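As a plain string of letters, each chain reads:
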Amino acid sequence: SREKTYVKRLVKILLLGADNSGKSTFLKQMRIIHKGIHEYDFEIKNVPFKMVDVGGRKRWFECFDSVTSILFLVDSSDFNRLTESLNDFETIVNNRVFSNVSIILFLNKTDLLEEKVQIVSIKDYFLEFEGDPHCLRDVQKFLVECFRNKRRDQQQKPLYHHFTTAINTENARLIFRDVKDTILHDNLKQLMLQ
Amino acid sequence: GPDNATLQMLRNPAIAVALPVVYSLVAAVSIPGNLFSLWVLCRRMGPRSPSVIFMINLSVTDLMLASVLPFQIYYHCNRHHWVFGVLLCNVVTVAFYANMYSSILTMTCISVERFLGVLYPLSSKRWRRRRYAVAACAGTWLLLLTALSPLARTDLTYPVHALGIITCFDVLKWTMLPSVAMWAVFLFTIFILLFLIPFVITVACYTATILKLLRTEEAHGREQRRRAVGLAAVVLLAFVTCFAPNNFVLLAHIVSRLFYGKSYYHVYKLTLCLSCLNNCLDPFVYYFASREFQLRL
Amino acid sequence: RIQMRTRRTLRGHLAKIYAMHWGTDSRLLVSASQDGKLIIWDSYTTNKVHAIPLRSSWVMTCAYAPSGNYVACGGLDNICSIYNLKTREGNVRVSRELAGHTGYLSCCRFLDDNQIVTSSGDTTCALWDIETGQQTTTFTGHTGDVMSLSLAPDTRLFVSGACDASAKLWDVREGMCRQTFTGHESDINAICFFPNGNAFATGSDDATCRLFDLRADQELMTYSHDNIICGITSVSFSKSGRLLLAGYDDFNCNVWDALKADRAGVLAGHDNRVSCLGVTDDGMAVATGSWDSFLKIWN
Ligand SMILES: CC(C)=CCC/C(C)=C/CC/C(C)=C/CC/C(C)=C\CSC[C@H](NC(=O)CC[C@H](N)C(=O)O)C(=O)NCC(=O)O
């Protein structure tokens, strides 16, 4: 009965960063400030959010439609397996059911990135032109563009990206704002206003 | 009997040309367009969202306003002489004003519903429920048909023996209400509730909605924020240019009759055909303009 | 030609329906959705006789026991949870929590109040005893994920279908494959025994329904048409075996004459994708479920 007026308010987010990312610390920080698959219910600014920690598989994963946004975590510092994280992302972001869900990237470990950038070349791991290897802004815009340009023929859906340290509270405000902007651009179609 | 200024107004050559011409153009466009609008909007789309059910009310309201215009065209081609029944004089002056305010009240609901769906995409999802759109439509009629109630009850026809005519709302009686003070109480209450609140709320809702889409700074979808700002800006301009001249001239007439004896009715009557262009504009300005409707056409 | 009409509509699920199962009493049914409630309905009266909130929202299958004493479900949790409807206190509660598959649970079906058989995305099927709470027999041989399974009418054998496009027959008491069948061009999503226990039907992403017979050892029939550019999500016979019913991606269910191969009818009461279909043990009614969040009852 009254469950319909809760399920009608609900936002679903799919969380699917790799095992070496900050994901376990992120879910722990989220749970205190507000076997396999897990499913977390919380509320931001009086909107109920459900966040699904999927098991990290043919089209029965299509039960992840009606997800509003996909949240991806990558450890930016681990240049040796950044290519594996980027191939994992490429199998997600180009699936037909995820044609109308927005993508959020957190580049995690950026407090380790600002040290490793002074110690080792990023260009030694990649084909593309990388600029001078000792600058933060250049490794940041290089990694962001390398993930971004891995999209195939992207239209209608936005992709968002942010830089994340050892864990902090503001991540829930970032994913709220990207979801809000994803739903504003959906609402324009529902309002016959697009 | 009626004053000279009234007898002069009921022989005016501009009213006898302007309203028959403009009404006939409005009725010829807006009957088929509100009847194709609905077919698609209602039987071809479905009342699944709060936006489609406010647009079903709007097109139903206008169609019923457009369908009484043939009585008005005849009454202004004949020189202010009503030939039909006393009952049908009551039915026509109610079907005229109840609908023309219903449009203003419905367009107000769609403005609040977009100020909500754009400015609060997530937070307003409680208020984004079809049941509450149905409630606001029912509340619109219920507010109208109580505030306009007297026009259903009293005889609205008047025998004017100077010119040899019977008028239809074109002249009224001072016994309809107990005193001049009760005319002022009645008319300024129906003005504030049926025009001035709906007007100020509609203009504010669109202004904040256009400014929100212009000030937004995301890179993706700038090409579709502009589409939204263009659609909203045309709707605001169509609402203001149709309803503002007529209702602010009405306020100046009601004041002038009550407190100074004078009249601006002929100016009101002329702005009333500008307010009827809406029934043509609505279908082009809301329905035909949007890709979601155009795709099913 | 059969022109079935909607005899009832059931309102109470909130998201896309993903499974349903009639009871042996031929009057109650259990149903499941991606909002994670089972609802038990009375199909004569529309009463919500029970609603049961599940331990995980991702339910992909549910079942009703041959006595009506118990119900079960599973999905992306890799588990088959059992619930008891006949507690002395009166509230519904967990009887067992069967765990041990490597993949998501794709189907489960009771044999009696004490044994249940299951299929998984890990290519395997398994039989369980509900009092001991572990696998009593494991069945292996498919090259990819198993989508659906059917018991025979006597529960001595079962069939299952998979992403390798080959339907296979298993002996419940032996624990090894009895027969293997081929003919589809793509994954089998759905499978159903014929009422005599000597044949079964199948449905696929290849848009064909196909009939197999255990003594013929090959396909007897194919049901198809040129314009069906989409997959089949669910399949079952009517009680007489003469009509075969199936659900498709393009929002509709089709009816076929099992012996003449004609498209004997169409059901089109949904405005989002059909996910499940099933027929009463008296043969008097058909149920359907879809991404609309409404079930519909048909005759
Ligand atoms: C307000 C709203 C939001 C909606 C619709 C209602 C509406 C538009 C009402 C009309 C406007 C007004 C002011 C109407 C009535 C005028 C007033 C205040 C009193 C009655 S005037 C009587 C009448 N004279 C008229 O001249 C009739 C009214 C006519 N509509 C006009 O103003 O010429 C007359 O018979 N005089 C001779 C006599 O009786 O001795």
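The residue numbers you see begin from 1 on each chain and track the sequence as written, which may not match the entry, and residues missing coordinates are not shown. In the order they appear in the text, chains get letters beginning with A and ligands get numbers beginning with 1. With hydrogens and water set aside, each side-chain value is computed from the structure's full complement of heavy atoms. Residues with missing side-chain atoms are left out of burial classes, side-chain pairs and their counts.

Visitor: Help me understand the sheet that holds strand 20 (residues 209-213) of chain C in this model?
Guide: Pairing between sheet strands relies on hydrogen bonds along the backbone, with the strands arranged either parallel or antiparallel. Residue and element names in this part refer to chain C. Note on pairing: two strands pair once DSSP finds at least 2 bridges between them. Runs of H or I in DSSP of at least four residues are treated as helices and runs of E of at least two as strands, each being numbered from the N terminus. One open sheet accounts for four strands, arranged 18-19-20-21; its pairing is antiparallel. Each edge of the sheet is formed by a strand with only one pairing partner; in this case those strands are strand 18 (188-193) and strand 21 (218-223). Strand-to-strand, the axes of this sheet are offset by a mean angle of 25°, without reference to chain direction. Helix axes are fitted only over the stretch in contact, all axes being lines through C-alpha atoms; the angle between N-to-C directions runs from 0 to 180 degrees.

Visitor: Just to check I follow, could you spell out the UniProt feature "repeat: WD" in chain C for this structure?
Guide: UniProt positions are given in the numbering used here, feature names are shortened, and annotations may be inferred rather than shown by experiment. When the UniProt feature table is mapped onto this chain, "repeat: WD" is found at residues 5-53, 54-99, 100-140, 141-182, 183-226, 227-268 and 269-299 of chain C. What you have in residues 141-182 of chain C is 0% helix and 48% strand, and the ends, taken at the C-alpha atoms, are 14 Å apart.

Visitor: In this structure, what is going on with the pairing of strand 1 (residues 11-15) of chain A? I would like to understand it.
Guide: Residue and element names in this part refer to chain A. Only protein chains enter the calculation, and the probe is 1.4 Å; a residue is then buried if its accessible area is under 20% of its type maximum, exposed if over 50%, and partly exposed in between. With four of five residues buried, strand 1 is to be regarded as a mostly interior element. Where strand 1 meets strand 3 (residues 47-53), five bridges bridge the pair, whose relative direction is parallel. In the strand pairing of strand 3, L15 is matched with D53. Judged from the three bridges that link them, strand 1 and strand 4 (residues 69-75) form a sheet pairing that is parallel. Within the sheet, the bridge partner assigned to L14 lies in strand 4 and is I70.

Visitor: Honestly, the state of the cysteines in this entry has me stumped. Any pointers?
Guide: In protein structure, a disulfide is the covalent linkage between the sulfur atoms of two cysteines. Residue and element names in this part refer to chain B. Disulfides are defined as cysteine sulfur pairs within 2.5 Å. Taken as a whole and assessed by the stated rule, the structure comprises one disulfide over all chains. A sulfur-sulfur distance of 2.1 Å marks the disulfide that ties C89 to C168. Given an S-S torsion of about 130°, the disulfide between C89 and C168 has right-handed geometry. Taken together, the residues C89 in helix 5 (residues 86-119) and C168 in strand 2 (residues 165-168) connect sequence positions 79 residues apart. Look at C168 and you get buried, because its relative accessible area is 7%.

Visitor: Looking at this structure, how should I read the interface of chain B and chain A?
Guide: Many descriptions give the size of an interface as the accessible area lost when the pieces come together. Taken residue by residue, the interface counts 32 residues in chain B and 28 residues in chain A. Taken together, the two surfaces of chain B and chain A that pack against each other cover about 2700 Å², and 60% of this comes from carbon and sulfur. By definition, a salt bridge exists where a carboxyl oxygen of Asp or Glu is found within 4 Å of a side-chain nitrogen of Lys or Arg. Where chain B meets chain A, there are zero salt bridges. We define a polar contact as two N or O atoms separated by no more than 3.5 Å, with the added condition that, inside protein, one atom must be a possible hydrogen donor and the other a possible acceptor, whereas residues neighbouring each other in sequence contribute only through side-chain atom pairs. If you look at where chain B meets chain A, you find 10 residue pairs in polar contact. Listed by contribution, the elements that provide at least two residues to the side of chain B that touches chain A are helix 3 (50-66), helix 5, helix 8 (180-215), helix 9 (222-260) and helix 12 (291-294) of chain B. In terms of residue count, helix 9 of chain B provides more of the side of chain B that touches chain A than any other element does, six residues in total. Residues are grouped as follows: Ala, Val, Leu, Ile, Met, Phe, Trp, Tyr, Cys and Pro are nonpolar; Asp, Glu, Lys and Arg are charged; every other residue, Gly included, is polar. Grouping the amino acids of the side of chain B that touches chain A by side-chain chemistry returns 12 nonpolar, eight polar and 12 charged. Throughout, a residue-residue contact means that at least one pair of heavy atoms, one from each residue, lies within 4.5 Å. As a working definition, buried area equals the accessible area (1.4 Å probe) given up by two parts on being put together, with both sides summed.

Visitor: Any chance you could explain the sheet that holds strand 7 (residues 70-75) of chain C here in plain terms?
Guide: Residues and elements named next belong to chain C. Pairing is antiparallel in the open sheet, where four strands are placed in the order 6-7-8-9. Only two strands of the sheet have a single partner each, and these edge strands are strand 6 (59-64) and strand 9 (93-99). Put simply, the sheet's adjacent strands are angled 20° from each other on average, direction ignored. Looking at chain direction, strand 8 (residues 79-84) and strand 9 are connected through six bridges and run antiparallel. The partner of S81 across the bridge, within strand 9, is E97.

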